[PDB]
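Contents: one structure, followed by commentary.
Please treat every number below as a calculation from the coordinates, not as lab data. Cβ sites come from the backbone with ideal geometry, for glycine too, and all protein chains shown count toward neighbours.
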RNA sequence: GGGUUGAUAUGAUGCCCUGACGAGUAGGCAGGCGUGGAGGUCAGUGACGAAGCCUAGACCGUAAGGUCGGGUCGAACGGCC
RNA sequence: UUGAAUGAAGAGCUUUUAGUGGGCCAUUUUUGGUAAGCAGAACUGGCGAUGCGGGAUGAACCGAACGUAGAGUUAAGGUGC
RNA sequence: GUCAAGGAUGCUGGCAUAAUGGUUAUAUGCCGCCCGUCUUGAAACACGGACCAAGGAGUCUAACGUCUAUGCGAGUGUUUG
Ligand SMILES: [Mg+2]
Ligand SMILES: [Mg+2]
Ligand SMILES: [Mg+2]
Ligand SMILES: [Mg+2]
Ligand SMILES: [Mg+2]
Ligand SMILES: [Mg+2]
Ligand SMILES: [Mg+2]
Ligand SMILES: [Mg+2]
Ligand SMILES: [Mg+2]
Ligand SMILES: [Mg+2]
Ligand SMILES: [Mg+2]
Ligand SMILES: [Mg+2]
Ligand SMILES: [Mg+2]
Ligand SMILES: [Mg+2]
Ligand SMILES: [Mg+2]
Ligand SMILES: [Mg+2]
Ligand SMILES: [Mg+2]
Ligand SMILES: [Mg+2]
Ligand SMILES: [Mg+2]
Ligand SMILES: [Mg+2]
Ligand SMILES: [Mg+2]
Ligand SMILES: [Mg+2]
Ligand SMILES: [Mg+2]
Ligand SMILES: [Mg+2]
Ligand SMILES: [Mg+2]
Ligand SMILES: [Mg+2]
Ligand SMILES: [Mg+2]
Ligand SMILES: [Mg+2]
Ligand SMILES: [Mg+2]
Ligand SMILES: [Mg+2]
Ligand SMILES: [Mg+2]
Ligand SMILES: [Mg+2]
Ligand SMILES: [Mg+2]
């Protein structure tokens, strides 16, 4: 009917307005990522010119991947893995780094490989393995509308706003990260390296803090 | 010709024969779950027989369908046969085992007249 | 019914993320930085090369 | 024979804390316990009446009853697969206030004051405690502080 | 016949199968164990408070 | 450990109110990557000073490339290792073109000759011997003779096929 | 392999249909399943849930209980909805005029309601005259007043009514039930 | 966890959408297969051959089992609630 | 931002009843012993109850727990035959 | 309007039957210890089992507990007669 044609025209106009909002937000996000990266690089250069040393800010976000399977886990690290939502091997979560989570990571260190995710691997994780939690029911993301329907009260309207709340640990990082279902990663595509996995990364194994090398591993698992 | 169906996948065409039915004549081939405490078939050791479980279940779209694509409906007479008057592409008649030679003639003639497929149009045929 | 992948499938990379067209047009991921001329201090260099 | 008495395995624990033997000082008796006050249990071994059991030392509970020389403390005790409420009639020599609750009520007063100040203004307050955040960016100067350290040491013995 | 006497193996696992349950605290706890001189007064203080509230409400 | 990498690692012991601007201790660390480099920095500063990772910070880590990676140099390496039945000091001499290649040769040499793993070994010093005749070991003084040439007898050529038709010769 | 934090394939533990073969109750469940799905009033979800309940979970609601419910402030003209049986009570000598919508009425309850000018309603006449459950008052009978609930949780110092066949002296009033013979419970 | 009634559509212990999960002794519970006999029903099958029995012949069901063809046979026996 | 972080698979409650009440092994802490494939405790993880890939072989070790399949990638272990 | 955008279509060939497939026997590669049972542990150098057909083991009753279905409901139970 003619009223139905009116609702269709109204829906397409609202969709164009939402896409203009998302487009300008993504442009602003790209501008601030570029300027923050250039600013850290120039801060290091400026301190080297002044004779000082620029200590970079400590990393606010880890990506944690459970590398060890289900059986023969002690109850305290088992509970910490369940509280970090790593309930199967090659499950990953983003974890906000504070003291209340660093002592969780120290408890589950022999069973996870964790490190500091970059924007590229965050973007590829949320683009390829990105799934929501909607009526708990694990909804694949695939559309900015289902992120606006659940995280829109926190101002997240799109998959790039969702990525932004992760990479810059925002005020609603907890709600965005808990909306994200734990990333079901594959085994790494070129192997792990490391003939034996369950020694530390320092000792020639896989587990523990893998500071900026988690991107290579997670991109191989993705 | 029947309705268009997906390709029928059976997932285990082999009969699930009982353990040691090949070994003892008292043990028939009808499937019994081995409930023994040390049973290798029950414990599922590699090299032993497969046991029936629900993962072998047929696809519901292609379940109960013969290779012609019809479900078999057992038919004892003409009144049983004409239940499939409007279901000829879905159901195929199959005359029961105890029907006379002279009654199979009229069942087959009426089924040909109705377009109903008969899966055994050769039982008790005088040649 | 089927999860089409962005990072393939430019149609889905444009359904999500309307900025992908602008990024690919301005190349924006291969953009040159300004050539500054900062020279490090002699204290930094001699601490670095120091035994 | 197995010995499982009321003060078994309490040798060092009801002991009287070297050079602090003797009389109980008067502030123990001068403290005031009300119903709902949260108290730590530490048995004074010099006062034998009204002692708690050896299970209850170190435990912290809520006062439910206040009597002439004692208070009644509710301690949850893990018995099997559940907790049970245990009501304890303990003389006030074995009981002191919980400083965790004392600083919690100072935090409540501070939170009320900060919310009242933020209502005097128009700004938000953000009055939750936050964990130890990761450190921010620094520029460590080198003026007077040139980085200067050598390598590991050889193995000498000095026996 | 010699055998195992006592062990606490598996007991914590069985204890945590159905959880370790906290005793579900309530508003208005029971006055069992509270001082009888306080209880006898508190009954009358409550009765008078409800009487005065009903008189002020009606 | 394909080739090692030398890092300067500078750390501080976190500034307090009583002592702002702490002392900035610095080391040269041979490690595969920065993760192992910062770990070894804290391992040695816990041997030298009252600091650990929780009560300190890393202010800088920079890879020190070789200044002349294509000049063949004699290195004296002072090393301390743990044997099966003690701790010992050694001095070895390694002729190579860079410090990281010399330290890789040292680690292979120690693991081969003395069965000493990476965990057992502390690199106390790698220093280039600037002039010959301060070179102390015969196995490196061999190559410091004037107009040195040597042949390679008994050449073994790797065949790509499982059958040869010639009965091969080991000339060179 | 998944480290399960819960029991897998665990049923909800709630009735999703009555266990009865009552075709009229299945018809009422059909109507209130439609009305719970399509109306989004909470009354219809409550009534659909209560239609599933068993006979010990549907205790009879007395007409005196109905009259006491109508004695509430402003509830005198509501429609009292009893998903269950409404029973008579001769103890109350003044029943008001009201509309009661119940599954079953006993003959005395129906006579007492319609003698005072009231009206007895089935749950589908309630569904056509109050489809969102407007101006209704759901009443429930007492569940722990059952005789079986006396014996539940029997133990020492629980005061919970021993499962006994004959009751009197010589029948569990002895050692374990008084200070003089043994101990007290 | 949901959707689906003013021809849902006459299968609403239906049809459909969505997501997760699946080891197992003792044990518990559920849904089914088979047997002897009973009430109803198919105005069911049958001396033109019921039941039985044989069949490295066929079909259906994950399976319990069901169905059919051939041979032998000779008086009765099945489907469904 | 209603007073730390993280998670929450729904939370709370009741009734009823089966089996079981011979255990054993492994890292670490331990007692008796000269010691044990001995006897006895503590915490955990296993086997019992459990297949799979590896340790040639083996209840317990290592890896990993299992519906029916396809493709990819790996773990522990390996790559002369 | 089109499209690679909420899951394969277009074009062509051969055959149209044992060709694909099913069953079946055999051969080859790799795997596969005999079941039941008591047991911490069974392939055990533990016990029962030579083979086959038929028979063969949680039944009924009195009095009850929980739960559920039904009838009536301050009542209820016709069936001793
Ligand atoms: Mg490969
Ligand atoms: Mg079959
Ligand atoms: Mg079979
Ligand atoms: Mg059989
Ligand atoms: Mg066994
Ligand atoms: Mg799907
Ligand atoms: Mg003792
Ligand atoms: Mg002490
Ligand atoms: Mg199962
Ligand atoms: Mg019968
Ligand atoms: Mg006839
Ligand atoms: Mg016959
Ligand atoms: Mg045969
Ligand atoms: Mg005869
Ligand atoms: Mg039969
Ligand atoms: Mg016993
Ligand atoms: Mg025993
Ligand atoms: Mg000893
Ligand atoms: Mg077993
Ligand atoms: Mg194995
Ligand atoms: Mg192995
Ligand atoms: Mg071996
Ligand atoms: Mg080997
Ligand atoms: Mg291990
Ligand atoms: Mg594979
Ligand atoms: Mg043919
Ligand atoms: Mg073939
Ligand atoms: Mg073999
Ligand atoms: Mg056993
Ligand atoms: Mg056996
Ligand atoms: Mg024998
Ligand atoms: Mg015999
Ligand atoms: Mg028999």
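No other residue among A:62, A:80, A:97 is crowded, with 17+ Cβ neighbours inside 10 Å, within 7 Å of another protein chain (Cβ to nearest Cβ) and closer than 29 Å to residue F:57 by Cα apart from A:97.
Residues to consider are C:33, C:25; find the one that is over 21 Å from residue A:139 (Cα atoms) and more than 9 Å from chain A (Cβ to nearest Cβ).
Details: C:33 fails: more than 9 Å from chain A (Cβ to nearest Cβ).
Testing whether each residue is over 21 Å from residue A:139 (Cα atoms) and more than 9 Å from chain A (Cβ to nearest Cβ) leaves just C:25.
Within segment F:44-69, the set of residues being closer than 23 Å to residue A:58 by Cα, more than 8 Å from every other protein chain (Cβ to nearest Cβ) and assigned to a loop (DSSP other than H, G, I, E, B) comprises F:50, F:51, F:52, F:53, F:54, F:55, F:56.
Yes/no matrix, rows are residues, columns are (1) away from RNA strand J (no atom under 16 Å from the Cβ); (2) assigned to a loop (DSSP other than H, G, I, E, B); (3) more than 18 Å from residue D:66 (Cα to Cα):
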{"residue": "D:4", "(1), (2), (3)": "yes, yes, yes"}
{"residue": "D:7", "(1), (2), (3)": "yes, yes, yes"}
{"residue": "D:10", "(1), (2), (3)": "yes, yes, yes"}
{"residue": "D:15", "(1), (2), (3)": "yes, yes, yes"}
{"residue": "D:18", "(1), (2), (3)": "yes, yes, yes"}
{"residue": "D:35", "(1), (2), (3)": "yes, yes, no"}
{"residue": "D:39", "(1), (2), (3)": "yes, no, no"}
{"residue": "D:44", "(1), (2), (3)": "yes, yes, yes"}
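Restricting attention to segment B:108-127 and to residues that are part of a loop (DSSP other than H, G, I, E, B) and surrounded by 12 or more Cβ atoms within 10 Å (Cβ to Cβ), the residue that is farthest from ligand 30 (Cβ to nearest atom) turns out to be B:116. Across segment B:5-28, the number of residues qualifying as surrounded by 11 or more Cβ atoms within 10 Å (Cβ to Cβ), within 14 Å of ligand 3 (Cβ to nearest atom) and under 18 Å from the mean Cα position of the chain (by Cα) comes to 3.
Could you identify the single residue in D:36, D:22 that is loosely packed, with under 11 Cβ neighbours inside 10 Å and under 24 Å from residue E:27 (Cα atoms)?
Result of the check over D:36, D:22: D:36.
Identify, please: which residue in segment A:178-198 is over 22 Å from residue G:1 (Cβ atoms) and free of Cβ contacts under 8 Å to residues at least 24 places away in the same chain and is, among those, surrounded by the most Cβ atoms within 10 Å (Cβ to Cβ)? Among those that are over 22 Å from residue G:1 (Cβ atoms) and free of Cβ contacts under 8 Å to residues at least 24 places away in the same chain, it is A:193.
When the strands (runs of 3 or more DSSP E) confined to segment D:58-157 are screened for residues that are away from chain A (no Cβ under 14 Å) and in contact with a helix residue (DSSP H, G or I) (Cβ under 9 Å, 6 or more places away or on another chain), those reaching at least 2 such residues are found at D:60-66, D:70-79, D:95-97.
Being within 16 Å of ligand 2 (Cβ to nearest atom) and exposed (fewer than 15 other Cβ atoms within 10 Å of the Cβ), is that true of even one residue in segment B:81-98? Scanning segment B:81-98 turns up no residue that is within 16 Å of ligand 2 (Cβ to nearest atom) and exposed (fewer than 15 other Cβ atoms within 10 Å of the Cβ). Mind listing whichever residues of segment F:96-114 are assigned to a helix (DSSP H, G or I) and buried (at least 20 other Cβ atoms within 10 Å of the Cβ)? Within segment F:96-114, F:99, F:100, F:102, F:103, F:106, F:110 qualify. Scanning segment B:31-64 for residues that are within 12 Å of RNA strand J (Cβ to nearest atom) and loosely packed, with under 10 Cβ neighbours inside 10 Å turns up B:35, B:37, B:38, B:45, B:46, B:47.
Out of segment B:70-92, which residues are touching a strand residue (DSSP E or B) at 6+ places or on another chain (Cβ under 9 Å) and either within 16 Å of ligand 5 (Cβ to nearest atom) or under 22 Å from residue B:6 (Cα atoms) (or both)? Of everything in segment B:70-92, those that are touching a strand residue (DSSP E or B) at 6+ places or on another chain (Cβ under 9 Å) and either within 16 Å of ligand 5 (Cβ to nearest atom) or under 22 Å from residue B:6 (Cα atoms) (or both) turn out to be B:70, B:71, B:72, B:73, B:87, B:90, B:91, B:92.
Could we say that residue A:156 is part of a helix (DSSP H, G or I) and within 21 Å of residue A:24 (Cα to Cα) here?
Criteria not met by residue A:156.
Residues considered: C:18, C:40. Of these, the only one that is more than 21 Å from the chain's Cα centre (by Cα) and facing chain A (nearest Cβ under 10 Å) is C:40.
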